[PDB]
Structures are given as C-alpha cells and as structure tokens.
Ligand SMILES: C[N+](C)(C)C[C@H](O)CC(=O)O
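One chain comes next, on its own, written out as structure tokens in the form deposited without this ligand.
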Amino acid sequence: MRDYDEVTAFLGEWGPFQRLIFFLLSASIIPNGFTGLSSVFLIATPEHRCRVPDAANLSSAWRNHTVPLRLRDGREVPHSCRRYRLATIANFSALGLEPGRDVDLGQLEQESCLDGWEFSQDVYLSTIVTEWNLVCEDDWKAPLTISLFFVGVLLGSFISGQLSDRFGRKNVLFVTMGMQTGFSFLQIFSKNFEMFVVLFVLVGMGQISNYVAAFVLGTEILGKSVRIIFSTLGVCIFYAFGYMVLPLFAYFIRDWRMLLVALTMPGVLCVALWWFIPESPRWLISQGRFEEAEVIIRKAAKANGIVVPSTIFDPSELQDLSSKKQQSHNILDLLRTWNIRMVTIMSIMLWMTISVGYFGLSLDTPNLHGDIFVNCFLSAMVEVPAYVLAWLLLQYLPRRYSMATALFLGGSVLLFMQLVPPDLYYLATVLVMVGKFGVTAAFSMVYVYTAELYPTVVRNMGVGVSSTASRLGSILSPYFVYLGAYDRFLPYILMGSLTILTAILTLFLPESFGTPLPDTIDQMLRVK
C-alpha cells in the first residue's frame, strides 16, 4: 500500500505549479487582511459636544460657554455629554446678563444633549458612530458591533469545515469569498444600525469561511516541506500585507461608505482566480472521483515539464491508496484523564489570553498618541518580523523557553506604559509596538506547540478546541479597549498581568522539542 504523498512525489516539491498555487492562494488572503480590522476606521469616534440650535438668541459671550468644561490630560475640553440648560441660558442671555460675571457657570443647571451632537470633522468626515450617534448613553453599541463581528467569525469556523468537506474546497472558497464581498458591499446601503450589524456578522462568517477553505486547499495541494512554509509564513505574511495596506486607503478616504466601497474593490479581483486554482486532488480521490484527480495531476505534471510514462505514474494504484485510521471524535477523551485534562485547560487558557491580547493591542491603535494612520501601519508592520522570528525559533530552539520569553517580554513591556511621562509621550508607542511584536510571535508559536503536544488520535480535536477558545478570546477583545473610557491605562494593566500569568503557565507544559510525537494518550508527555 502506497501513500498519496509518495505516488505524487514525481511532481517534485517546487516548481511552476507549486509556485503558482502557493502565491495565488497566499494572495487570496489579502482581502482577509484589511477586512477584519477595518473597524478601526469604520467605527472610530470623533470629538463631539452637545449641539445648540441657531434659534436661541445667544450673544457671542454665551455662544462661547454653552457647554461645561472638564479637564483632560491637564488641559480643559468641553463636556461631551452635557450642556447648560438652553431655556435657562437664553432666559437671561436675552435680558443681557453676561457669562461668568452675573451668573456663576459653576452653579448653572445641566442637561443632556436634546438636539444631537456636533462630531468635529478634523480627522474623520463620517463614521457609523457619527451616522447613528453611538455616543454617551449609546456608546456601548460601538464595541458591541465589533464583538458581533467576531461572534460571526466564531460561528463560521464551526460550519466551514463541514461545508468544504461536503462540497469541496474550491467551491466553498469562492462562494464564501463572494458572500463576504457581497455583504460587505451591501453595508454601504445600510438603512439602520440593525441592518449594519447583521450584515457585519455575515461578513465575518464569510471572511472566516474563505480563510479556512483556502488554508485547507493550500495545505492539501502543496508538498511535504512547502506545506509548513505555506501554513506559517505565506498566509500570515500576506494577511499582514493587507493589514498594512488598510490604513493607506483610510488616509485618503475618510467616509465610511466610500471606505467600504474602496476596501471591497480588491475582493472583486480575487474572483479572477477561478481559472487558475485547481481542486484538491486528495479530496477528489477521497470522493471516488479518480478521473478528475488524474486529470489535475497530469495537468500539473505537464506544467512542471516532467515526462510521465506509465512506469512513473500508474493511475490504477490511485484507486487503491492507503488511508489513515480515523481520529477519535468524543470530546470526553480530552477530559477523562488527568494529564490530558490539565494540558487541555492550559492550552485553552493560553490560546484565549494570547488572542485577547493580540486583538486588544490591534484595536487600540486609534487611542495612542500620534498619527492614527502611522500608528496603525506600525502596528501592522511589526507582525512580519514577528512571524519570521517565530519560524526561526521553532526551527532551531525549544518551544517552552521561546514562548515563555516572548510572552514575558510582551507582558512586561505593557506594564511600564504608565511610567512614561508626557515629556516623552512617544516612548509609550514603542512599548506598545514591542508588546504587539511579542504577542504576535507567541501567537504564531502556540499553534505548532499545541499541535506537537497533543497525540495523533486527538490532535485535531484538541487543536479545534484551542482554536475555539482563541475565537472566544477575540470576541472578548473589543471590550477590553472600551475600558479606556473609565481609565486610560487599565486595559494595558489587565493585558500585561494576564500575559505575565500566561508566561508563567507556559513553563509548566512538557517540552516536545527533540522528542518523537506520540500516537496514543499513553505515549503523551506528562505535565510538570
């Protein structure tokens, strides 16, 4: 009995076919890059103050003091959710009494905005926050729509695998890419907040589905070695490239409708790949469609320029290939033994905390001091070296110390943020970027570490559980940034403390480097 990897070895690990599949599937991830974190610009909050109509007979003296003041960063700014009672202000404004002299501004009555907000346009022209006034009493609705986006991402992860197994990798890939672009485009015509949130949920469901489908297809077509490079550096780097390109558009386009129009344009180009990406021959063989798999294999061989007589490719054996034993599906197997139970709980906590930190640090860029566009670009740029370093470390160093050090650096750098004085405010940004670098590195390494820790019989189930925990952590991430209203540094304190605790936790996991991967739970390494 041969194996698929052994029968198709005559194609070679690298060449025009593998090069084209690799770069066409990796480039298909660029739309996933700027779509996920577009909330940084679509749902931004400009400066605002209580509106006052023009019908009030207020002189220039009162027109400068219609809103109470508050201190912020030492300086004073207008109150964002209160205004002096317009009836009372006008009552003696008409009579000629002057502000601050006759009537004490510290004793006047206050009321919430009855006529709306102003939403200064220094940086943004319009956002969904300005569109539907998601401020003050309704400010909690801004992080809710982001959480619902990640909820949709969560739900899409469950059904995408089953759907692609039932209907094929390419079909689901392109269908979900089409639905993601169609629903993202329809948001331009949103009529109310509810329609926008529902469409955002479906957008996230398609974004995850067309990411998982492309990942599976790429990992199934490519060879034994190029598979790991594609899985770890290809898609991640192209996602980072998309994330880096996201702020370049937002710099020129500052209207959420036009920004959505621009960000959805590249997704249309990805439809041109239908004639250049083949179906996974392994899946077709598993379906019994050996003729199509043979056709695709012969086309690939012709593309690579390898002469393929019967003595080097016999399609009869293609119908009688070996098949690996099914992995267990009962989730109880992960919790019926002490060691695997402890490992699973530690992996869940690790993945959830890393995801929470990674997304909280990415969503908090608009609040840092400096240019929001440059800060977003820097946040995206540091991911590339993080991925390269993660790959090199996994290639040459033990995972336990590598991840422990990465998490320690990331968590510790965030705690020092409160100590930076305003004279060197820019030192805060570099600390945040270093923390993002460390968190990205740890997030990249944790996948390979967890995949190595679990045995073959429950590897897929354990990785899936850890991924679901990571999705939950991502869902929770936007609410950590929301705490910035109640305290400027609380989100960083929380994320740093959790990252440090996770770093200490990593030192208790067993070390898989240099040890053969186990096949059964009894061969699983024992926790410290």
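Numbering starts at 1 and runs along the sequence shown.
What comes next is about the form solved in complex with this ligand, which is not displayed.
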property: Contact test in the deposited bound form: residue 208 vs this ligand, heavy atoms, 4.5 Å; result: yes
property: In the deposited bound form, residue 196 touching this ligand (heavy atom, 4.5 Å); result: no
property: Interface membership of residue 437, this ligand in the deposited bound form, 4.5 Å heavy atom rule; result: no
property: Interface membership of residue 249, this ligand in the deposited bound form, 4.5 Å heavy atom rule; result: no
property: Sole residue of 449, 387, 230, 84 within 4.5 Å of this ligand in the deposited bound form, by heavy atom; result: 387
property: The unique member of 200, 454, 359, 124 whose heavy atoms fall within 4.5 Å of this ligand in the deposited bound form; result: 359
property: 4.5 Å heavy atom contact with this ligand in the deposited bound form for all of 239, 443 and 471; result: yes
property: Segment assignment from 351-359, 115-123, 392-400, 277-285: heavy atom within 4.5 Å of this ligand in the deposited bound form; result: 351-359
